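Trainee: Part one of the assembly, not moved from where it sits:
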Amino acid sequence: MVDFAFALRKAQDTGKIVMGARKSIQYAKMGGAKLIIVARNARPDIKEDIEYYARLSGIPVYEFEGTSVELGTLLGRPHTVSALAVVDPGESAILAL
């Protein structure tokens, strides 16, 4: 990952992202996302859940170094965000390896 916060902003403004543990799980499970992002302190059960389905389908998982509070802030949401999925990167390089 390169310049995560910038890449995330670019995806959010120009692409399509979906926020929340359940929705991200639905994606890791069913497909339909290009990348799942988890907060470092996302509750263990949620992280393991996402990680299991992500390995099942080969969807990449990226751990945001910071907290669910910091991730919510980065996303401009009035609440914590523990996980999200990138459905379309838009003009972002967030998927670049």
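Mentor: That came through, no problem. Residues are numbered from 1 along each chain as shown, chains lettered A, B, ... in the order given.
Trainee: where do the helices sit along chain A?
Mentor: In chain A, the helices defined using DSSP state H lie at A:4-14, A:21-30, A:44-57, A:68-74.
Trainee: Give the full set of residues in contact with the spatially most central residue of chain A.
Mentor: Chain A has residue A:37 as the residue nearest its centroid, 2.4 Å off, counting by Cα atoms, centre = their mean. Contacts here follow Cβ atoms under 8 Å, 6 or more residues apart in numbering; on that basis residue A:37 touches A:8, A:24, A:61, A:62, A:63, A:64, A:71, A:83, A:84, A:85, A:86. C-betas here are computed from N, CA, C, even on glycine.
Trainee: make it 10 Å
Mentor: A:1, A:4, A:8, A:11, A:17, A:19, A:24, A:50, A:60-64, A:71, A:75, A:81-86, A:94 (Cβ atoms under 10 Å, 6 or more residues apart in numbering).
Trainee: throw chain B onto that model:
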Amino acid sequence: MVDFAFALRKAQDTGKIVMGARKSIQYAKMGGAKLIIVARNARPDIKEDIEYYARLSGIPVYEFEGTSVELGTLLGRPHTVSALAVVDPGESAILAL
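Mentor: Putting chain B onto the chains we already have gives this:
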């Protein structure tokens, strides 16, 4: 992941793959691979190790449903293979989501 065994064969024959736990760890750690594959029964410490570094860099990890013995067989190696990395997919669709 779609038609894993076929996709893997195509990457192996037309792209670049690297086999082994240490080499895959080096990739998950330093970048340079597009996908890490782990056998279902790869020893837990090795899986966790790869999985940690993969999350650090957002490199996708795919779990092969079968054993390290079966994975070695699939790769035509005379030994078990617990993990590998796809450096170049070649003509393969192994990276498609």
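Trainee: same question on the contacts of residue A:37, but now with chain B added
Mentor: Residues counted as contacts of residue A:37 (Cβ atoms under 10 Å, 6 or more residues apart in numbering or on different chains) are A:1, A:4, A:8, A:11, A:17, A:19, A:24, A:50, A:60-64, A:71, A:75, A:81-86, A:94, B:55, B:58.
Trainee: Check the burial of residue A:20 by counting its neighbours.
Mentor: Using other Cβ atoms under 10 Å in any protein chain shown, residue A:20 has 14 neighbouring residues.
Trainee: Neighbours of residue A:56, how many?
Mentor: By other Cβ under 10 Å, the residues close to residue A:56 number 15.
Trainee: Excluding sequence neighbours, find me the nearest residue to it.
Mentor: Closest residue in space to residue A:56, ignoring its immediate chain neighbours: residue B:63 at 6.6 Å, by Cβ to Cβ, 6 or more residues apart in numbering or on different chains.
Trainee: Check the gap between that neighbour and residue B:82 for me.
Mentor: For residue B:63, the distance to residue B:82 equals 11 Å [Cβ to Cβ, to the nearest Å].
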